[PDB]
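Notes for the structure review
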Amino acid sequence: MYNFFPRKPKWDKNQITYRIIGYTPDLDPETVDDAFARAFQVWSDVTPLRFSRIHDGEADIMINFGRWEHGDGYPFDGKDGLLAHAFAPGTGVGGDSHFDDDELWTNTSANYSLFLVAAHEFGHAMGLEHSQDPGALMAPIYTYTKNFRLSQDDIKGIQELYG
Ligand SMILES: CCCCCc1ccc(C(=O)Nc2ccc(S(=O)(=O)N(CCN3CCOCC3)[C@@H](C(=O)NO)C(C)C)cc2)cc1
Ligand SMILES: [Ca+2]
Ligand SMILES: [Ca+2]
Ligand SMILES: [Zn+2]
Ligand SMILES: [Zn+2]
């Protein structure tokens, strides 16, 4: 068994299952659907990962909102600030991402762009963590995609984490 682990079998296997717990209205429903598929390819384009969407057998990664209550450690906030987040890798809880409730995400000329806000959370849902690099994707600063630019910093972390 390689070595001992912290009980949680860190996610690490092709074929992934994900299910949004509730599309958002700020943008088209079929649009949020595309912003996620594109995003899927935005991160799958850097590795032969296989994503599978479900809607009845639950999913390893569960997406939704943050709500005002929640309990995490920062209820409500509106404005930019917290835009979303996910829990460490694991089963059920590991792989879920929460998006800000009162906000305006859209695949149009909005500002957060479901494809962008998700991309970032599409990297955290995995395991990589902020590396301090500002020009990185996991960087601690929100950078809109005026030209969608990737970064090996991720191709590398996702390379040893997958291919
Ligand atoms: C498309 C390719 C181009 C990529 C460019 C590119 C480059 C950098 C970024 C970027 O930095 N995005 C981003 C950063 C923070 C948050 S956030 O406010 O929810 N947030 C941080 C909030 N805050 C500051 C630092 O982290 C701790 C506290 C949460 C978090 O880490 N989620 O993963 C946490 C609160 C859970 C959300 C998105 C995006 C695109
Ligand atoms: Ca917010
Ligand atoms: Ca999960
Ligand atoms: Zn949460
Ligand atoms: Zn982050």
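Structure determination for this entry is recorded as solution NMR.

Looking up the protein chain in the PDB entry gives the name MATRIX METALLOPROTEINASE-2, with the organism given as Homo sapiens. Each PDB entry has a title, and for this one the record gives "SOLUTION STRUCTURE OF A CATALYTIC DOMAIN OF MMP-2 COMPLEXED WITH SC-74020".

A few words on the layout of surface pockets. Empty space within the largest pocket amounts to approximately 660 Å³. Of all elements in the fold, only α1 (29-44), β4 (84-86), α2 (114-124) and α3 (152-161) reach the threshold of two or more residues within the lining of the largest pocket. In terms of residue count, α2 provides more of the lining of the largest pocket than any other element does, six residues in total. Taken together, the residues that form the lining of the largest pocket break down as 21 nonpolar, nine polar and four charged. Roughly 220 Å³ of internal volume is contained in the second largest pocket.

Turning our attention to the coordination of the calcium ion (ligand 3). Protein coordination at the calcium ion (ligand 3) comes from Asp60 (O), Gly92 (O), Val93 (O), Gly94 (O), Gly95 (N), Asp96 (N), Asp96 (OD) and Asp96 (OD), with a distance range of 2.4 to 3.2 Å. In primary sequence terms, the donor set of the calcium ion (ligand 3) follows D-x31-G-V-G-G-D. Taken together, the residues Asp60 in the loop between β2 (51-53) and β3 (61-65) and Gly94 in the loop between β4 and β5 (97-99) connect sequence positions 34 residues apart. Take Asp60: its relative accessible area is 17%, and that puts it in the buried class.

Under the defined criterion, the tally for this structure stands at two cavities of 30 Å³ or more. Space inside the largest cavity adds up to approximately 150 Å³. For the largest cavity, the lining is made up of 18 residues, of which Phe51, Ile61, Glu121, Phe122 and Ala125 are closest to its centre. With three residues, the top contributor of residues to the lining of the largest cavity is α2. Of the residues belonging to the lining of the largest cavity, the class tally is 14 nonpolar, three polar and one charged. In this structure, the second largest cavity encloses a volume near 90 Å³. Taken together, 13 residues line the second largest cavity, and the ones lying closest to its centre are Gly22, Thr24, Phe65, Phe99 and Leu114. For the lining of the second largest cavity, the per-class residue count stands at nine nonpolar, three polar and one charged.

The mixed open sheet is built from five strands, whose spatial order is β2-β1-β3-β5-β4. Only two strands of the sheet have a single neighbouring strand rather than two, namely β2 and β4. Averaged over all pairs of adjacent strands, the angle between their axes in this sheet comes to 20 degrees, without regard to strand direction. Direction of pairing for strand β1 (residues 16-20) relative to β2: parallel, over a ladder of three bridges. When the bridges of β2 are listed, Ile16 appears paired with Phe51.

Quick notes on the rules
Residues numbered from 1 in each chain as written, not as in the entry; some residues may be left out. Chains lettered and ligands numbered in written order. Heavy atoms only, no water. 1 Å grid on protein atoms, 1.4 Å probe; cavity = no way out; pocket = protein on both sides within 12 Å on 5 of 7 lines; lining within 4 Å. Points joined across faces, edges and corners; volume = space filled by probe spheres on them. Helix = DSSP H or I, 4+ residues; strand = E, 2+ residues; numbered from the N terminus. Nonpolar A, V, L, I, M, F, W, Y, C, P; charged D, E, K, R; others polar. Donors = N, O, S within 2.8 Å, 3.2 Å for Na, K, Ca; no water. Buried < 20%, exposed > 50% of the residue type's maximum accessible area, 1.4 Å probe, protein only. Pairing = 2+ DSSP bridges. Axes fitted to C-alpha atoms, helices over the stretch in contact; angles between N-to-C directions.

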